[PDB]
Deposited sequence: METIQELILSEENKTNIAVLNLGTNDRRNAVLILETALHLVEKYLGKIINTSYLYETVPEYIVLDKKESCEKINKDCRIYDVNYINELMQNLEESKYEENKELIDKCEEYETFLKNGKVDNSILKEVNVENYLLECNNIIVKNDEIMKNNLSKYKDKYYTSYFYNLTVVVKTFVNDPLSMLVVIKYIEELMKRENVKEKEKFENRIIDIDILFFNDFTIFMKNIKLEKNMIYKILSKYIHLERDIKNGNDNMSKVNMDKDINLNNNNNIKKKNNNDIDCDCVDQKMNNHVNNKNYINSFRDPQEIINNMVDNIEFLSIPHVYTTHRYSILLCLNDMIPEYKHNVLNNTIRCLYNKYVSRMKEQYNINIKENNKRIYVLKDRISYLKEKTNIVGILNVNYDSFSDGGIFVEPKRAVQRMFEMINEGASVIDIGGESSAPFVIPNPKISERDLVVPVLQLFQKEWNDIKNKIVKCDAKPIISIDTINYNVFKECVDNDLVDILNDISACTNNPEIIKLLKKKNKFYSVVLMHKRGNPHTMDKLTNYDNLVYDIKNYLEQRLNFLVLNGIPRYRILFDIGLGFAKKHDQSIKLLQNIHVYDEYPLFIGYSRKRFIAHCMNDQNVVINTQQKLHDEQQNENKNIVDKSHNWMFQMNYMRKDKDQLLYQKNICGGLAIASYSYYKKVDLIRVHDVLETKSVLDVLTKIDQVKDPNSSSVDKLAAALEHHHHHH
């Protein structure tokens, strides 16, 4: 009865599904659940993209009033997780403390639930892998229910897809109200904190591991495919990917349905849903290299009104052979600017209808101290790390708070402003860069950064000869699955494109970049980082008009 509470400290692997119905607040709801998962269950070491599929204020108050977890939070960076490796390859783990069933019983008891439900809205999903300290899936389900109830004070559905290699079907669970309190107290410092426990007792009816709908719901396979394509559970007839591929082509050969069209991958730049590949956002460049705060802030507002969705501020040139002037530090160039902008914006904020009108703010820095100060003072939304967080990976710690995730651009480069033009050997240029960006994403994702908040940038001009920059453009389709951010603006390789004073070359350069804006638009590049906002907006508006068929 209380052998479910035995002293033994163990680490298990759980795979969860988080679903909501609320389009408006999906991000905030799912990420609140991510936070509570990380607080109350263990460590997030994988996430899928966010998807939209076809079959408020008290949250911010809740996060202030949470009971502490009996268990540690360790933010140190990890580079491998052994239990996860073991989970993936089906290696040896401890016997389940809960009674298992064989394949036949499971398959039978699954169908029986499916058929019953076959007698008797947009969904927003995300899956998670958690390195858990919770002893067993039922205990987990109790805590998961606590979390769902916290978030009500429907709105959030949290299912257990997997839990080690276990196979479990328990038909008639009834847990006495004091047993629930006893389970929650093992994991939480329990201290109205008692009345919640009442609602939970009728909620746990049975427990199926794997979850009943795991292979029967497209939206689950979609998420799992992002994270664990090669996983094979005893109870499944193939790997996650295979099962996923079959589901796609079957709907193409049992109906005439391309399932992808109804089920959209999402990325998040700040706090809203963006559908992958549906819009080319302009990112306006603000180089503060001496540029006076007031003037810098004027330029920011000129760019908002010229059409920029995002402003990318940098205080440190990375341009070829640039030696900076130590007279003034990066911090002192960027912070006063972002503070002034935050002031001006808040003055003129409550005078007009301007909240969604606020540009997402991006900082082009590799330096942890700079980003720590921006993040502490709520001055930025995105980290633009031209070293893909390799220069100081501690920075990745700054992308999470108790109730906040920040998004990040990972760019590819080699060397520094002085050596980079000399480091241009690649066995397989297009794929070496892709593979590198994937490894960097895997490292962030292993360390709890949501997959959907990570953007890829091939870094044109950084350790690329001009013909290699072009070739990276020519092959941009290899990023069709990923949120893609590129920066071609006023780079050398553009001039390399023309045939034959500096004002004439300045203009050829702006104009050559409008060509790459056109190309980008058709290639459905998600973000483009540009100096010339007005010009870029004009181009994208025209091309959008040409594409819009009128009724």
Relative to the deposited sequence, which regions have no modelled C-alpha positions in the structure? 1-4, 60-81, 147-160, 194-204, 243-300, 399-407, 619-657, 709-728
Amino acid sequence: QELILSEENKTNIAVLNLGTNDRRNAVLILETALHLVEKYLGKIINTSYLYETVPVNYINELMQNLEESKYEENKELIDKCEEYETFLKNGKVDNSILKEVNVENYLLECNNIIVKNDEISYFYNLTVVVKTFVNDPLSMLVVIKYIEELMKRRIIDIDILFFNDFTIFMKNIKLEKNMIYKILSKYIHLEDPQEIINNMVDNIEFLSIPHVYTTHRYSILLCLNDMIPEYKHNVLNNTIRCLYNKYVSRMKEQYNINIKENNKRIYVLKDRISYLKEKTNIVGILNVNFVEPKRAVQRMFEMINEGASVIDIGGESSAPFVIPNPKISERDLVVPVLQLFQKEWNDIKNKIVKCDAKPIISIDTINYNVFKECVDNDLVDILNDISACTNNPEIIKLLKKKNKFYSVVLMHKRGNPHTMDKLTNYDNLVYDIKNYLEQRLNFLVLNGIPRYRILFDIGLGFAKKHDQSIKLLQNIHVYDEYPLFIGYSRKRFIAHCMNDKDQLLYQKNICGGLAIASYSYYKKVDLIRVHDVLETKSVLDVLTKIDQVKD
From here on, numbers count along this sequence of modelled residues.
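Just so we're on the same page, rigid core means the largest C-alpha set that superposes within 1.5 Å between forms.
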Please tell me which region, 247-255 or 382-390, has C-alphas lying farther from the displayed form on average in 6 other deposited structures of this protein, with superposition done on the core. 247-255
Is the larger C-alpha RMS shift in 6 other deposited structures of this protein, relative to this form with the rigid core superposed, found in 291-299 or in 163-171? 291-299
Coordinates lacking for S139, a third or more of other entries: no
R153: absent from a third or more of the other PDB entries compared? yes
What stretch has the higher average Cα B-factor here, 254-262 or 439-447? 254-262
Mean Cα B-factor check, 405-413 vs 213-221, entry values; winner is 213-221
According to the deposited entry, which of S387, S469, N475, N95 has the largest Cα B-factor? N95
Selection by C-alpha B-factor (highest) of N305, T365, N350, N135: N350
Against its chain's modelled residues, does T32's Cα B factor rank lowest, middle or highest third? middle
For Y40, the third of its chain into which the C-alpha B factor falls: middle
What third of the chain, by the recorded C-alpha B-factor, contains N509? middle
Could you look up the Cα B-factor of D376 in the entry and say which third of the chain it sits in: lowest, middle or highest? middle
Taking the values exactly as deposited, rank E394 by C-alpha B-factor within its chain and report the matching third: lowest, middle or highest. lowest
